[PDB]
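Novice: Just dropping in an experimental structure and the matching sequence.
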Amino acid sequence: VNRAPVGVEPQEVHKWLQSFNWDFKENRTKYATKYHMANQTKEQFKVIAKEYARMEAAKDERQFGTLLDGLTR
Amino acid sequence: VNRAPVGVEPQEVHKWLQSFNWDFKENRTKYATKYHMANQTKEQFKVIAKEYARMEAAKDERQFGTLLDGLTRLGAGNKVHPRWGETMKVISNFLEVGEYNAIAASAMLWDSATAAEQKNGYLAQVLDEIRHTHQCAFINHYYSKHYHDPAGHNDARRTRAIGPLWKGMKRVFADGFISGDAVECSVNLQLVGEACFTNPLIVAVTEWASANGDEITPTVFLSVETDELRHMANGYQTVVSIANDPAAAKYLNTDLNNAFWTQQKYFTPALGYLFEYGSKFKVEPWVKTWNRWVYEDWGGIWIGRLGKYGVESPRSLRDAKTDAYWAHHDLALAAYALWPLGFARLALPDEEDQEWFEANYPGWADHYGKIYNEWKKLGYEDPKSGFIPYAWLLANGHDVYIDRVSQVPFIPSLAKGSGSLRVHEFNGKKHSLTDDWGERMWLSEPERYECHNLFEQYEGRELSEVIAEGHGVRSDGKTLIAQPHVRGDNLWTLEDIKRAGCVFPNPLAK
Amino acid sequence: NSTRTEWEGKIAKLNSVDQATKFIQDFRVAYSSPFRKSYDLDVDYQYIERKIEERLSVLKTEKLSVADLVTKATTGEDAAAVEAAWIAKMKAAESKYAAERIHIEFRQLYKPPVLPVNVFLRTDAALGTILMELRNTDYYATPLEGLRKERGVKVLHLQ
Amino acid sequence: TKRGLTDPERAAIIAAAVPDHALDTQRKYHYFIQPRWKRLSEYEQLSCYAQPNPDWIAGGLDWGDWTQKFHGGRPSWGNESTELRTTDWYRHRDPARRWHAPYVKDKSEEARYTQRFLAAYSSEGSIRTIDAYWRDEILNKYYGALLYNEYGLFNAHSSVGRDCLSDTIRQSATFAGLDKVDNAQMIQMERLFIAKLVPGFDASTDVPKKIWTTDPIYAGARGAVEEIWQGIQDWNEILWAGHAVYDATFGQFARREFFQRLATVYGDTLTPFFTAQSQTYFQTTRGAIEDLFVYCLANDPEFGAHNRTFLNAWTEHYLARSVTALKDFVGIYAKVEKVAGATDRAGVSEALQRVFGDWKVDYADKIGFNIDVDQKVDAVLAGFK
Amino acid sequence: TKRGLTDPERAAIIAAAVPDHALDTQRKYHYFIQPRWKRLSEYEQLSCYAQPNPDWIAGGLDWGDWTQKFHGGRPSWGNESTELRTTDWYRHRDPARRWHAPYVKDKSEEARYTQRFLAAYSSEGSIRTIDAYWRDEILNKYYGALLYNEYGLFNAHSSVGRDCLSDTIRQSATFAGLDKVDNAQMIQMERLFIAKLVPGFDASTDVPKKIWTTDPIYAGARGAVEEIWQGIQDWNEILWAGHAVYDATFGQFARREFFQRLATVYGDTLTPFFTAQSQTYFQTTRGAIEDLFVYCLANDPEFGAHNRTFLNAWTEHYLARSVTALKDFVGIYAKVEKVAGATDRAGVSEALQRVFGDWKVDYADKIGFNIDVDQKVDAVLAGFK
Ligand SMILES: [Fe+3]
Ligand SMILES: [Fe+3]
């Protein structure tokens, strides 16, 4: 077996996100509207939940350290 | 089955830590020692690895957010008065080496212990001293990016090996912590180094820095200070563990007195000099701070606390009190006279500073201010004059010597403190000693003290060549890192030092 | 530095284990301790010693066997016997001066690569334990003049 | 009371004093350190050259002799503490680039996840499906006995922490020791958790200690650990014999191939959670040990055959002592329920083949050691019931 | 360019302007919020009363009518969006006290540990001991098919995120939806990891999608999910039918009792790592759902029999649809190797007894629902081969 260190990055998981939906008859919106959204619209940022949480925690620690320690001193 | 949410807290795991050791014949210490540690000694903080990591990460995030986001937005890097900006080059780099050697000292104490809880505490101390080393490095890392003169902050590790003040630092905080009996190193590092000097200093440095316009050093040092109480606990537990040994009553007071003299001999002059002569706004006279630190806090409270285990106050405290009034002024004169050998920019006391010095030290004027005024009049700060203070001292009958044990400079004819000059010849070499305790140390164990001073190393060599071989120049390759003024114009270069033609003599040639 | 270069040139000519043992023992006896014979290499001898130690280590690994490298001294004698003999000799020393002479001579004669690292460190620890226990008793009893007389030092100036 | 940033008078004075131009153009901290990778990293800048070493210790920048020494003349740090030689002791780089802050960050994340997982597992009642014999005897006794192996390998680092000749190696050794002690504490945490879940389960260390010190199955283990702990003083030899030979064979077998594998054939959902942490620690330590002992010492430009000679001798001795330990330990297969492909002779033979082949490829080929895997497998299996 | 802290002139002017004494003595932020616990917490202070609601919505502090409404007159938020009634919609408290910062902190720790574990597991070569049939067929197909169950339960929260009448409930629902989508993405991550380890393993979603949409085994699952997703609009009903009835029975069985348990009897060391994360998420969501639907709605002082009536009707309907799904799913036991006590009829009977008894004690006793566990077990086992 191959014994090289590997992991999985978010762009590899995001590649398969489109195929998570399946078509049935009542798969429609619940709210009144005048338009219909295109089925093949893509996203410009390759974000999943874990990557989002990592980025937000990195931002929050920097934000909170300043206010709670330096400006208070 | 019971289906209630439970976990395991650290105090439950710590309960079983004692029974992790098993007895076999060769379960002994690997280092030479005079004492044996008690097998049933406990620890006062209930710390395991995961809890330690959690606490340290919580501290580090708060420390780093401030420096990397807020003080950088405020532009606080270039709002510190220059004198303190050059004082911090010496202070941070000198504290770093002591923090680093505390790593090995605590590792040797963990090697020497027999109980598992005592080993756990020493391991936590090792990790803390690694953290403290990295923080002290980060202070200079920040000054290198955001301060207006990064020359001294850039390469202190390489360029600190030229000057005379670095050798006494290695004796008290590099070789005084790792060479000798393990308990001797314990009492050097915790009972005297941290309990009596370092911990009060980390609090005073912050107040002086904030008075002089600095907010990076308070940010780092106030967080550094939060770890030491555990190290004081480690020292108390080490003293309690050796109390029942018969040796303790034979040797403990001797090691305590030797460690106290070793530490005070260098921290009395150097800290006072760096505080008073390296600042624009003066928080407090150094003599009162020293009195309240050593004489009343450590000398009284800690010594009374440990007296019940046989510990006595050192018999050299009277000499320390006697010479703790003028020592830093003598060291300041020595450091001003040999400015080309340092790695920071200096500044002679001006009129307001002279008024403060005379107000708080009556008699400072007639002795030191006259010398400083004469040096200023002769062209101390002017590159074109070619005035070397060391040549002036030599031509006026004032000679500089270096102690064989302590490695502290000494000028017998311009010193108002204690101590006298002693010159001995042994086995065909001449040695100079400056006090009674160091003389006894050298006469009792001559094999431990074989260090070289700069006069022996640099004898007969031109000053500019010594500066250039030790990488004492700036980026352009001609200007020197050390300067006699704190202005931004009229700096000294290698040619200016070469014109003076200073050559190192042999002080003991007689 | 030219002293370093010429001593390195002399070191490079050693080609036998016995020659390198004699060379290192002579150098350490001549220039190492406070009881050294000469002070003419004060600022250069710790570099030349490390050069000699590297040449003798290379020669040892090129000439000897594993059993010799682990159990025997470079002089050809058994390391455990050397350790036992020297600990017996220290234990019989009467005063602190003879004890320190014995310790210094042991460090000057049997020090790696001449003696294996583990046995040397174990013997050094034991000798140091005895020396410290013998020195530190009655540290402040003798006056400074008596200490000067006991050490045998000559006073050149006394301010 | 008064600060130099917020006081108008002091701020004005400081602004008057501060020069309007920079006095130097080099703003990189410790630019003279040679970078291992493309550019100088923060780990190298904050780590390298922190230890003050004179020029007679390879790679040092200072000069002179130590100011104070041991009684008799032993230096604070010297060349006499190890058999191996090098042209520069400042060459070692940790592949993971760990200084204090990222290290404590990672361990804190692991500690908070562990607590959350234990709370959820306790709420979910998953302990009901575990095999009663496995949990009652094998786990509770022998998994608890492995604790003392971990503790001894932890205590082996005391002399390495003091006698080491560099500053990156000191960090690597300290982190390895903290990993070992964390493994021991995690084993005890799992035992305590199972004690609060299952009534009648005992989490005391009396039976595991009696097994460790008296039971024949671990008789060959203690011995090895003891000689690595209090039998040698050379710090390079301690590191090599502890992490690259003894652990990578015996501890790898015992942790990965017996306890983690047999938990997944007996319906145990709790042990792999802790075994995963143990394996992650092992791999992280292996990277640094391999870097130190292969890139720097065994591949030295001037030395290297000298170091290879010493390393081969050490490998021979301690491989013999690890094979003894494994052949002694393999007698535990007579106490478990028979499972085809795992517990019979064939399963153990393939497990030993995997362990020995992995160790071969990882260390022996890089050092120059010659090993026959079949002979080792037969020597260990001579103790199979 | 110029700042009011560092400019001497502006600092002096501001210091002159600032009064020397405080003008008020109350320094607690939103002191008028009633604390659930002993003292007011930061979660409550930063969360409660953020939604501006008039007095004709229970617990509101504003007055008047909405400034803009839907065409035809539908309010922005109204009482017509749910069947259940209460005296205060601001009563819900999350037991874990989660606002944004601790939530992202925990998930980030989990994400960094997952990456480290995958790197170590890949380096260690532990995939060699897995059962080939289990990995090739059962995991790769049906574990991948469970992804769409997770995705549908995730998409069920879109209307709850818009029509909810409070601000703590909105946070709880959003976090539950993010947990479901994270579960689906984690299943796909494990499949991709196994694809880079084992040659010939396919991580595409074509076969799992075909199984989800066409295979009889999941025929009863899709249906239920579909009616919970696009069949109802009441947000309370969606929350109850999705987390307290359907998931807690069918998803609990499928996740805990089939895949995690059978991994530990077939020698799989990778699946429990992800299943542990799934179970931790489930327990965290269960705490909040139980608090909302038991402490606040079913135990209302004025209402409560009205809410219990509606809850009992919903429980009847969706318990019938979960029993149908389970009886349909239980036909997968004919595709696995027989193992005594786990795969035979007795093992499945005890597994179903455990699941149904846990659900009984957790929800039915607190709501007032009457259930016979033996009848449910027999109804499900009528589909056993
Ligand atoms: Fe410290
Ligand atoms: Fe400390």
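Specialist: Received it, and whenever you're ready, just let me know what you need. Numbers count the residues shown, from 1 in each chain, chains lettered A, B, ... in the order given. Ligands and ions are numbered 1, 2, ... in the order given.
Novice: For chain D, which residue gets nearest to ligand 2?
Specialist: At 14.3 Å from ligand 2, residue D:100 is the closest residue in chain D, using CB to the ion. The C-beta positions use only the backbone N, C-alpha and C, and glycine is treated the same way.
Novice: Are we agreed that residue C:155 is in a helix?
Specialist: No: secondary structure of residue C:155 (DSSP: H, G, I helix; E, B strand; the rest coil): strand, not part of a helix.
Novice: Next secondary structure after the helix or strand hosting residue D:171?
Specialist: Assigned by DSSP states H and E, residue D:171 belongs to helix D:168-197. Using DSSP H and E, the helix or strand that follows helix D:168-197 in sequence is helix D:206-214.
Novice: So which residues of chain A form strands?
Specialist: With DSSP state E, there are no strands along chain A.
Novice: Residue numbers of it in contact with chain D?
Specialist: Within chain A, the positions near chain D by CB under 8 Å from any CB of the partner chain are A:3, A:5.
Novice: Spit out the contact partners of the closest residue to chain B within chain A.
Specialist: Nearest to chain B in chain A, going by CB to the nearest CB, is residue A:65, at a distance of 2.1 Å. When contacts are counted by CB atoms under 8 Å, 6 or more residues apart in numbering or on different chains, residue A:65 touches B:61, B:62, B:63, B:64, B:65, B:66, B:69.
Novice: what do you get if the cut-off is 6 Å, keeping everything else the same?
Specialist: The contact partners of residue A:65, by CB atoms under 6 Å, 6 or more residues apart in numbering or on different chains, come to B:61, B:62, B:65, B:66.
Novice: go on, residue D:383?
Specialist: D:327, D:330, D:331.
Novice: redo that, cut-off 10 Å
Specialist: D:220, D:324, D:326, D:327, D:328, D:329, D:330, D:331, D:333 (CB atoms under 10 Å, 6 or more residues apart in numbering or on different chains).
Novice: measure it to residue D:227 for me?
Specialist: 21 Å (CB to CB, to the nearest Å).
Novice: what does residue D:350 give?
Specialist: Relative to residue D:227, and taking CB to CB, residue D:350 is found at 30 Å.
Novice: closest point of chain C to ligand 2, which residue?
Specialist: The minimum distance from chain C to ligand 2, using CB to the ion, falls at residue C:132 (25.5 Å).
Novice: since we're on that residue, how many residues are nearby?
Specialist: 20 (other CB atoms under 10 Å in any protein chain shown).
Novice: What count of nearby residues applies to the closest residue to it other than its chain neighbours?
Specialist: In space, and not counting its chain neighbours, residue C:132 is closest to residue D:71: 5.0 Å by CB to CB, 6 or more residues apart in numbering or on different chains. As a burial measure, residue D:71 scores 25 neighbours (other CB under 10 Å).
Novice: residues in contact with residue D:71?
Specialist: Listed by CB under 10 Å, 6+ apart, the contact set of residue D:71 reads B:32, B:179-181, B:445, B:447-448, C:99-100, C:103, C:127-136.
Novice: mind running it again at 7 Å?
Specialist: If you count contacts by CB atoms under 7 Å, 6 or more residues apart in numbering or on different chains, residue D:71 has them with B:445, B:448, C:128, C:131, C:132, C:135.
Novice: just residue C:104 next, same as before
Specialist: Residue C:104 sits next to B:447, C:33, C:35, D:72, D:73 when contact means CB under 7 Å, 6+ apart.
Novice: quick one: secondary structure of the residue nearest to the spatial centre of chain C?
Specialist: The centre of chain C sits closest to residue C:108, judged by CA atoms, centre = their mean, with a distance of 1.8 Å. Of the three states, residue C:108 takes helix under three-state DSSP.
Novice: Give the closest residue to it in space, chain neighbours not counted.
Specialist: Excluding its sequence neighbours, the residue lying closest to residue C:108 (CB to CB, 6+ apart) is residue C:28, at 4.6 Å.
Novice: so the one you found sits in a helix?
Specialist: Yes: counting by three-state DSSP, residue C:28 is part of a helix.
Novice: Check the burial of it by counting its neighbours.
Specialist: Other residues lying near residue C:28 total 20 when counted by other CB under 10 Å.
Novice: That one and residue C:56: what is the separation?
Specialist: As defined by CB to CB, residue C:28 lies at a distance of 12 Å from residue C:56.
Novice: Just checking, which helix or strand succeeds the strand or helix carrying residue D:9 along the chain?
Specialist: Assigned by DSSP H and E, residue D:9 belongs to helix D:8-17. Moving toward the C-terminus from helix D:8-17, the next helix or strand (DSSP H and E) is helix D:42-47.
Novice: Residue C:43 belongs to a strand?
Specialist: No: counting by three-state DSSP, residue C:43 is located in no strand; its state is coil.
Novice: tell me the contacts of it?
Specialist: Here residue C:43 is in contact with B:452, B:457 (CB under 7 Å, 6+ apart).
Novice: hmm, try it at 10 Å
Specialist: For residue C:43, the contact set (CB under 10 Å, 6+ apart) comprises B:452, B:456, B:457, B:459, C:1, C:3, D:63, D:64, D:65.
Novice: out of the contacts of residue A:65, which one sits closest to residue D:4?
Specialist: residue B:66 (17.3 Å; CB to CB).
Novice: how much space is there between the closest one and residue B:228?
Specialist: In terms of CB to CB, residue B:66 sits 21 Å off from residue B:228.
Novice: Please apply the same query to residue D:15.
Specialist: 36 Å.
Novice: swap in residue D:165?
Specialist: For residue D:165, the distance to residue B:228 - CB to CB - is 28 Å.
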